[PDB]
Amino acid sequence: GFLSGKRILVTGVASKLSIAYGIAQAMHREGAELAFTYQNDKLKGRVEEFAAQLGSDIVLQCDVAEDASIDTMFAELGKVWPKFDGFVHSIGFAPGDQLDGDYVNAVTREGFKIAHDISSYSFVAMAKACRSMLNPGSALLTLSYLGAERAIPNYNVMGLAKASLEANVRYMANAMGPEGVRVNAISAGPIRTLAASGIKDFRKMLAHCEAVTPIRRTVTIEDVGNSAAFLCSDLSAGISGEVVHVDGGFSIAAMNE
């Protein structure tokens, strides 16, 4: 495939519904050698199966909430992979209470901090921890959401976190560009996952989205997976600091009433 000869790390695989699973399948199909990470123990088994299925025996625990965890993970990886070609950042979190009802009422200093820390800093934290291991032509990918561009009901603080994320890409793209490291982000529409079961009245969100979307259908972890694969391949050598919207063109329309 067009990913043949690429060693890529994939974070965030929690279920077969995970956007990361979609990205992995695609990259694997496209010839990429993979590695996986799992947040905690309660996902060791699950992630270990997916990896096996994807022909990968590199599965490591790590928690972005802790530097050490990030440092240790890249420590083990360096044993099998002293040098790879980027990783996929499919990480984001926010205390439930924060994602329901009035934003001004919901938001808290703690919640605000946690959301930005995991959903944003986590990205540069990893890059920072593996800067010297990256090969020339390497690529970093991260997932975002329209919430970073507009005020969406209930998304609340995740919105600010995503806005911070998206700027991180521009700041990361500019800094590592000279070394030959591209940094981009995919803005995917709403998908069928576990975390969304987290956001309030998510399911109506979807329905509206698929009725009013140009392509008239919501995006799959497949649509997102392929764009991701391409974005991490040399095929996109010319693109960096970009946030391509993979939401079947939902954000560019208005009043499709």
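Rigid core (definition): largest C-alpha set, two forms, superposition within 1.5 Å. Sequential numbering from 1, following the sequence displayed.
*Asks:* What stretch shows more C-alpha movement in 9 other deposited structures of this protein relative to this form, 205 to 213 or 23 to 31, after the core is superposed?
*Replies:* Once the core is superposed, the stretch further away in 9 other deposited structures of this protein is 205 to 213.
*Asks:* Find out whether the coordinates of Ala195 are absent in at least a third of the other compared PDB entries of the same protein.
*Replies:* Comparison shows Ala195 dropped in at least a third of the other entries.
*Asks:* Out of 206 to 214 and 61 to 69, which stretch has the higher average CA B-factor listed in the record?
*Replies:* Per the deposited B-factors, the answer is 61 to 69.
*Asks:* Mean CA temperature factor from the deposited coordinates, higher in 244 to 252 or in 9 to 17?
*Replies:* Averaged over C-alpha atoms, the B-factors run higher in 9 to 17.
*Asks:* If I read the C-alpha B-factors straight from the PDB entry, which of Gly177, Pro95, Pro153, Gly78 is highest?
*Replies:* Comparing C-alpha B-factors across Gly177, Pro95, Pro153, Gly78, the top value belongs to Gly177.
*Asks:* Looking at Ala129, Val157, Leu140, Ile186, which has the biggest Cα B factor in the entry?
*Replies:* Of the candidates given, the C-alpha B-factor peaks at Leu140.
*Asks:* Which third of the chain does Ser227 land in by C-alpha B-factor: lowest, middle or highest?
*Replies:* It belongs to the lowest third of the chain when residues are ordered by C-alpha B-factor.
*Asks:* Sort the modelled residues of this chain by their C-alpha B factor and say whether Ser164 lands in the lowest, middle or highest third.
*Replies:* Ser164: CA B-factor falls in the lowest third of its chain.
*Asks:* Would you mind ranking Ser90 by its C-alpha B-factor against the rest of the chain and naming the third, lowest, middle or highest?
*Replies:* Ranked within chain, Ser90 CA B lands in the middle tercile.
*Asks:* When the modelled residues of the chain are sorted by Cα temperature factor, does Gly31 land in the lowest, middle or highest third?
*Replies:* For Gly31, whose C-alpha B-factor we compare with every modelled residue in the chain, the answer is the lowest third.
*Asks:* Sorting the chain's modelled residues by C-alpha B-factor, tell me whether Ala106 ends up in the lowest, middle or highest third.
*Replies:* It falls in the top third of the chain.
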